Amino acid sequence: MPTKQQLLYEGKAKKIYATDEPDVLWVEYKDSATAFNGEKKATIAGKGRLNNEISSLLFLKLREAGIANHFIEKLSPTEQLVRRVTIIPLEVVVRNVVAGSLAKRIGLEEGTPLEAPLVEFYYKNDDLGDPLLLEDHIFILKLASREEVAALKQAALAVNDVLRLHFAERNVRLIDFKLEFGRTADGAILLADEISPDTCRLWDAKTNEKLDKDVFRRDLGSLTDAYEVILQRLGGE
């Protein structure tokens, strides 16, 4: 029962519309794919639906698990309603295994194990290439307080506990993932954006087949065929 109103913002993957309710937003997932800081792009038919549906499922699982988030309800195969927040410009990354950009940064082979989950912070500024930030840099930038950063790390690790187990029970290894959080008018914080194969590195527990955006980044095959596997492992739409 909102209704989609004027467009407020259009990013690389989704369109953000305002609704008749001031603190409710209408999110539309596009059938667009991007990689390598936007250097690689393409239209992927059906991608928006897959990510909207998967994101819906994962946020609902988080809600059931007691993890605060902005997801309100799914609206269509490609759209969903969420709580409006003012995003803290940080990409909060959790890595359970060494892979992707981290593997490249330290020169280690993907799959290298970690003693415990690693939390990394990246500046959400595409013009700057979303550079890695030391926590001290966050305070220099005044992006968040020391207590907020500590809370974000705790929140991200809580998300990891829930999702890592959820995926493992479904024969999927949650290698790493990226989260975004936002502030409410009263200063409260809620997990926001998206949680999908675009934002999570997922390997099949048996074959180690890649079922995430790496499929597009490295041209490993059909991106939607891979994402469909995840959707069904999660129980379907």
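A residue's number is simply how far along the shown sequence it sits, counting from 1.
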Mean C-alpha B-factor comparison - 174-182 and 41-49, higher one: 41-49
Taking only the CA atoms, which stretch has the higher mean B-factor in the record, 106-114 or 75-83? 106-114
Out of 54, 202, 190, 65, whose C-alpha atom has the biggest B factor in the entry? 65
With respect to C-alpha B-factor, does residue 141 fall in the lowest, middle or highest third of the chain as deposited? highest
Binned into thirds over the chain's modelled residues, the C-alpha B-factor of residue 127 lands in the highest
Lowest, middle or highest third: where is residue 28 by C-alpha B factor in its chain? middle
In terms of the chain's CA B-factor thirds, is residue 17 lowest, middle or highest? highest
Of the three thirds of Cα B-factor ranks in this chain, residue 216 occupies the middle
